[PDB]
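Only one structure is covered here, and it is reproduced in the block below.
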Amino acid sequence: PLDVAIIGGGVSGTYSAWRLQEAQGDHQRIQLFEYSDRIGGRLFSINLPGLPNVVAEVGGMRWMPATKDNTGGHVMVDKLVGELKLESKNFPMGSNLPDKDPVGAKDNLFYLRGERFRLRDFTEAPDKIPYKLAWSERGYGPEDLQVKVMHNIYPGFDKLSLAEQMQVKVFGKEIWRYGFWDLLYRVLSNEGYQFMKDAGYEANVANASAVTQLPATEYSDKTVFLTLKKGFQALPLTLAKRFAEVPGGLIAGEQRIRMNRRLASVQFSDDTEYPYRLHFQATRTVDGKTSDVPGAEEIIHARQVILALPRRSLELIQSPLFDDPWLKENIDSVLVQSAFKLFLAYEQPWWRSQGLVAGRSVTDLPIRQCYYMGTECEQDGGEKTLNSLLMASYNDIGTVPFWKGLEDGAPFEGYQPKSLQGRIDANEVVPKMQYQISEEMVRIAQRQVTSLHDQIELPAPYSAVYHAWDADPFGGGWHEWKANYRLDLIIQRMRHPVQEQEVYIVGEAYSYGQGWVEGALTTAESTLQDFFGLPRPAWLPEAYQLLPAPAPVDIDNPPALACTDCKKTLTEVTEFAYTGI
Amino acid sequence: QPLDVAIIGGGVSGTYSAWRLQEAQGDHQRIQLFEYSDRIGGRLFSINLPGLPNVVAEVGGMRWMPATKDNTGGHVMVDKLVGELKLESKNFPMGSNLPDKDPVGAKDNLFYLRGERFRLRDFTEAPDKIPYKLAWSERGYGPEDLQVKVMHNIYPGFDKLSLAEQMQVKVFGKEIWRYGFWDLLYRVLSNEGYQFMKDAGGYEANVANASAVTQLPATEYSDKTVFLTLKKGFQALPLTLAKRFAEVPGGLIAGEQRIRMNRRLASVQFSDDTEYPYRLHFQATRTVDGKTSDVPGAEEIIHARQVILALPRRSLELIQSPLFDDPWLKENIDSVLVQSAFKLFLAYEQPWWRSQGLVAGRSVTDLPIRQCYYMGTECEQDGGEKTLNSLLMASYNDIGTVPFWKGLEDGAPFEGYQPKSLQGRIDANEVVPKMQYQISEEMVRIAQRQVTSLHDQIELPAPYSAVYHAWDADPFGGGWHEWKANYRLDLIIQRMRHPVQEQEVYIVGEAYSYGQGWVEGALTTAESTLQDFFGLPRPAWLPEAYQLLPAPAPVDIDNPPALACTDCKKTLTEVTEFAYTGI
Ligand SMILES: Cc1cc2nc3c(=O)[nH]c(=O)nc-3n(C[C@H](O)[C@H](O)[C@H](O)COP(=O)(O)OP(=O)(O)OC[C@H]3O[C@@H](n4cnc5c(N)ncnc54)[C@H](O)[C@@H]3O)c2cc1C
Ligand SMILES: Cc1cc2nc3c(=O)[nH]c(=O)nc-3n(C[C@H](O)[C@H](O)[C@H](O)COP(=O)(O)OP(=O)(O)OC[C@H]3O[C@@H](n4cnc5c(N)ncnc54)[C@H](O)[C@@H]3O)c2cc1C
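Quick mapping for you: the protein sequence lines, in order, are chains B and A. Residues 13 to 212, 214 to 594, numbered by PDB author numbering, are exactly what the first sequence covers, in order. To convert a position in the second sequence, counted from 1, into PDB author numbering, add 11.
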């Protein structure tokens, strides 16, 4: 049988397991179940040929470290990597060249409405921006314009607590009853509305609750970001290994994890002890592509279930539990957004020849978002080769676009790099992913990159990797709270969605840090404390609030928000306006 | 007693299906139509907003292309049954008839893209005003005109080829149907000229990446193209059918039991009756003010010889049956992209647009309304009221989800205001119709706000009535269907009439027709099934000239014989003169 049946080989599920077994594994039977042959889930890191030291993270890349106060930042991720003694690098968003005056990303590229400019042109030469925006909006970068909108709406939102940010109202409605665009088109011009869009991930928020998506002003090159050296996927992997490595235990390391298992159902049994018939199902991973194996059955019993799952995953499992109208109505509370990623690998970082180093360039061409990821010979004690990496698609948007189109015709073989002419074969240069990139896609993707960089012919790529997250079991890669949904409360309850039942969900989807690993961890850690009873770890400060304090249930006519330092705020809000004037 | 046939779904497809049958093989077999709701007509919906009793606000279907004199072209099926069932037809105007001397048509209709205002004429009159970086070659063509330049640029005459030949036309070493629509255009157009067409042309945010073989000869929507909507509203046809069905004298079953509404099919099952291998387990469904929800009661089971499913994609997807397990039918129900449809109507006591030299047609914008249509004025209608009450239709965007027309569906409801023209004739609680969806005090205010801007106005007269509707809800989960790419529509158009042969189940609907988003598409699919699989003949009102469905190319599109071109001496000549227009 089973006491604790964790379902999810993600940061959530890998974290859930480690903590418990490394605590009460000797006193409890704990088994993590995964649907693929890979631990990591939406975390995924691959080194490509020629680039042993340039990690192509198909999943999560960066986290925001903790502060001194250890109240701000992605504390859980910075400190967990702490205890797990995994290595960190500064995930670079701009140029540190020159070091007299780093041009950050100021000199990074922009290519909208068939006109090229820079991030510095926004402020330095707003005539160059080809958006007929209003006079009040002219002279702000888009990241700076978001903050204008916020304060316009209310000064200080950012510094409010979710509890308070829920009582905040705009033009009559609470702000969380506004989609992110049903707001923008009321406080911005349509030429500001269309603008921000084109120049965010078109998706951006697809009308995500405005209380979450408004203070999204940490995309700056001014904020810090750290990446795992061995790839982000090394955290959930290292979480799995240490799970089995627990000396001692009612179950043995070897039989502690169970891969290629798709939990198809959670039927209710009489067995008081284990009242959950967990109908799993065998699968097979053939070059990442996971597909069912017949035979049916595999009915393990459990006392407690932990679903380290996203929404679709929870959609797909059949239970009567889900027929509980709260869970039925609030499973919908979030929004699957499909994410798309395309890496291209050159013997050359040709971008360095045109001022660009790291960060991102944006365009109205289907590639939308090119990133500059690094060169091998640069990477600390790496191989001595100018082989460098370009994550030229970040584009995420639902439905059938141009990325979910050209992924057919003929596959891409590439070419063998000099470096690898005495080391690897041309049948392995382009790796074997769940999604095999085409000759076609790469040709066009190259054609687009070249236009973005205002060149005529760029050095061709040898290796590349397409991926996508529009496929079950994920539906999408990121989740975003819908409008008219009390995210404040759902964050608290989704952990124990029905009281009577010992069924638990934990993930980035039903967390405050949505589209972050910090989200998945927090939900996990908060739930192990408030329910499973595990005490707060040593590496996790007393300070760091895991999940934010909600508002009340009655916000029908709340007591007003008593401002404190209104002074500083308005002082600031004005001073901010002179940076566009 | 059991049923020989069960035409499930009361769409224009279903209603046509049961009619002809009973008409012919109805004394010969037990025919019964099954409806989900309190209303026949399906997507075809025709409400008369109060004060506008003669200005039909077709929420669903509206118009149809008249038949040509050779009868091989035009919505032939629709335009001959509109005569046969004898239904009143008026012109659907896309342009202004005034001035009688030199009719401007849609030329003067408005455009507001990228915060700059122009008209359809300003394309061919003064491109200088288009605020798009269209390359030299492309500068000087209207959205319609451009699509045709591209088409031609591909295989000159693509519009002239039968589906068979079209499918075989490759472009840049790929089958045209392997490309989507945009995927193609983002290789023939400048990325502005791409964006530009995505902001104006035909529908709206729609024009989704769909098989190029369907969406490239989609230029029909011009201001030279004639079009007609039924006087009584398009819902008239699939009701006169629904009536006429139960009105056939010769029948085993009387008219009172023939049309069984408020019956939603949940399971098609293989029974034991070797004569009725179809145990249909229905469920009771109640309709209060457009919102039909289930009555848990009891799953009523009726035995059927065959079930002619007149359902679109979700509607089908919603039945639990081992029949959908058939590997073909599993992977060929995803042959079509579901795309939602929204729509707002606003009623005014003055057609303020006339004051601004716009009559009928549409106007395009980078604002969320995206589109807007001027319908008509009650008293302009033939023997209408003596009111200046008029109708503006809109919210005709068309996109996946969470857009900006679903972002204002909540708040408080719009009650409107008793016009002077409906004083003591109807009450301010009854001015704004109660529909499935109730347009909010908020959605009206924003819509109007936006409409104002579109028309470069300071303030417009507030509307008195307003209805919002959507087709993003099951049992449809989408307005109209568009063929995906790397699919063989030609074949599926044939084999969706009978997905499984051994089994006597037939699916009919525009959802898998050539006329997708057209009433023709649903009539055609039904008729060509009645004829082939129910041996019903060509009726008197249908010419033999009109080929119902298009020629399926061979399965061997591997390296077939090359299409011997025709009057190039003509073709290439029309292709070259067509490029002198834009210069
Ligand atoms: C493009 C992209 C970029 C990102 N970048 C960042 C970033 O820079 N920084 C950051 O912090 N975060 C980032 N994220 C977010 C991060 O990758 C995820 O949110 C996180 O990995 C989710 O962890 P989880 O355990 O909650 O869920 P998952 O990792 O999705 O865990 C679900 C697991 O359960 C398995 N499963 C599903 N169904 C079943 C079933 N029926 N039975 C058994 N197992 C099942 C899945 O295969 C998977 O292993 C990014 C995400 C994307 C898509
Ligand atoms: C916004 C819009 C505008 C359009 N404009 C035009 C136009 O201008 N001109 C034109 O020619 N065409 C137009 N069309 C197309 C037109 O609506 C279609 O041709 C037609 O309505 C579809 O007929 P159908 O038989 O395929 O299915 P539908 O008409 O969609 O009928 C489906 C029926 O199935 C029923 N049903 C669903 N589930 C069940 C169940 N479980 N059991 C039983 N019954 C069930 C539904 O209640 C419904 O009655 C438009 C469509 C839309 C969405």
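Beta carbons: idealized from backbone N, C-alpha and C, even for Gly.
Can you give the Cα-Cα distance for residue i and residue j, rounded to whole angstroms?
{"i": "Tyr384 (chain B)", "j": "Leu355 (chain B)", "result": "10 Å"}
{"i": "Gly488 (chain B)", "j": "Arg275 (chain B)", "result": "15 Å"}
{"i": "residue 9 (chain A)", "j": "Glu176 (chain A)", "result": "Residue 9 (chain A) is absent from the model: chain A starts at 12 and stops at 594."}
{"i": "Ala481 (chain B)", "j": "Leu44 (chain A)", "result": "44 Å"}
{"i": "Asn164 (chain B)", "j": "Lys235 (chain B)", "result": "23 Å"}
{"i": "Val566 (chain B)", "j": "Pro572 (chain B)", "result": "13 Å"}
{"i": "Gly394 (chain A)", "j": "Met105 (chain A)", "result": "22 Å"}
{"i": "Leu340 (chain B)", "j": "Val375 (chain A)", "result": "42 Å"}
{"i": "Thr230 (chain A)", "j": "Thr582 (chain A)", "result": "18 Å"}
{"i": "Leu174 (chain A)", "j": "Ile141 (chain B)", "result": "45 Å"}
{"i": "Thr388 (chain A)", "j": "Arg373 (chain A)", "result": "16 Å"}
{"i": "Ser351 (chain A)", "j": "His492 (chain A)", "result": "9 Å"}
{"i": "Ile312 (chain B)", "j": "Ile344 (chain A)", "result": "32 Å"}
Could you check whether the Cβ of residue i sits closer than 9 Å to any Cβ belonging to chain B?
{"i": "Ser201 (chain A)", "result": "yes"}
{"i": "residue 633 (chain A)", "result": "Nothing in the structure corresponds to residue 633 (chain A), since chain A is present only between 12 and 594."}
{"i": "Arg150 (chain A)", "result": "no"}
{"i": "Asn120 (chain A)", "result": "no"}
{"i": "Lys185 (chain A)", "result": "yes"}
{"i": "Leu378 (chain A)", "result": "yes"}
{"i": "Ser222 (chain A)", "result": "no"}
{"i": "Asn408 (chain A)", "result": "no"}
How about residue i and residue j: are their beta carbons less than 9 Å apart?
{"i": "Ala423 (chain A)", "j": "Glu453 (chain A)", "result": "yes"}
{"i": "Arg499 (chain B)", "j": "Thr540 (chain B)", "result": "no"}
{"i": "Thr303 (chain A)", "j": "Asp49 (chain A)", "result": "yes"}
{"i": "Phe134 (chain A)", "j": "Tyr152 (chain A)", "result": "yes"}
{"i": "residue 7 (chain B)", "j": "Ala533 (chain B)", "result": "A question about residue 7 (chain B) goes unanswered here, because the residues of chain B that appear run from 13 up to 594."}
Can you tell me whether residue i is helix, strand or coil according to DSSP?
{"i": "residue 597 (chain A)", "result": "Coverage of chain A is limited to positions 12 through 594, which leaves residue 597 (chain A) absent and any answer about it impossible."}
{"i": "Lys185 (chain A)", "result": "coil"}
{"i": "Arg275 (chain A)", "result": "coil"}
{"i": "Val159 (chain B)", "result": "helix"}
{"i": "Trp494 (chain A)", "result": "strand"}
{"i": "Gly387 (chain A)", "result": "strand"}
{"i": "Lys302 (chain B)", "result": "strand"}
{"i": "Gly266 (chain B)", "result": "helix"}
{"i": "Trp147 (chain B)", "result": "coil"}
Distance cutoff 9 Å, beta carbons only. Does residue i sit that close to anything in chain A?
{"i": "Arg198 (chain B)", "result": "yes"}
{"i": "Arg125 (chain B)", "result": "yes"}
{"i": "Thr540 (chain B)", "result": "no"}
{"i": "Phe356 (chain B)", "result": "no"}
{"i": "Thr412 (chain B)", "result": "yes"}
{"i": "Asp421 (chain B)", "result": "yes"}
Any contact between the segment 189–199 of chain B and the segment 30–40 of chain A? By contact I mean 3 or more CB pairs, one from each, below 8 Å. no
With three or more C-beta pairs closer than 8 Å as the rule, is the segment 293–303 of chain B touching the segment 454–467 of chain B? no
Does the segment 393–401 of chain B touch the segment 358–366 of chain B, meaning 3 or more C-beta pairs lie closer than 8 Å? yes
On the three-pair Cβ rule with 8 Å, is the segment 243–253 of chain B touching the segment 51–58 of chain B? yes
Do the segment 204–214 of chain A and the segment 134–148 of chain A make contact, defined as three or more Cβ pairs closer than 8 Å? yes
Determine, using beta-carbon pairs with one atom in the segment 20–33 of chain B and one in the segment 333–349 of chain B, whether at least three such pairs fall under 8 Å. no
Are the segment 404–420 of chain B and the segment 435–445 of chain B touching, with three or more C-beta to C-beta distances below 8 Å? no
Would you say the segment 111–130 of chain A touches the segment 361–376 of chain A, given that touching needs at least three Cβ pairs under 8 Å? yes
Touch test, the segment 258–274 of chain A against the segment 321–332 of chain A, Cβ-Cβ under 8 Å, three pairs minimum: no
Does the structure place the segment 249–268 of chain B close enough to the segment 121–132 of chain B that three or more beta carbon pairs sit under 8 Å? no
If contact is defined by three or more beta carbon pairs under 8 Å, each pair taking one atom from either stretch, is the segment 502–517 of chain A in contact with the segment 65–83 of chain A? no
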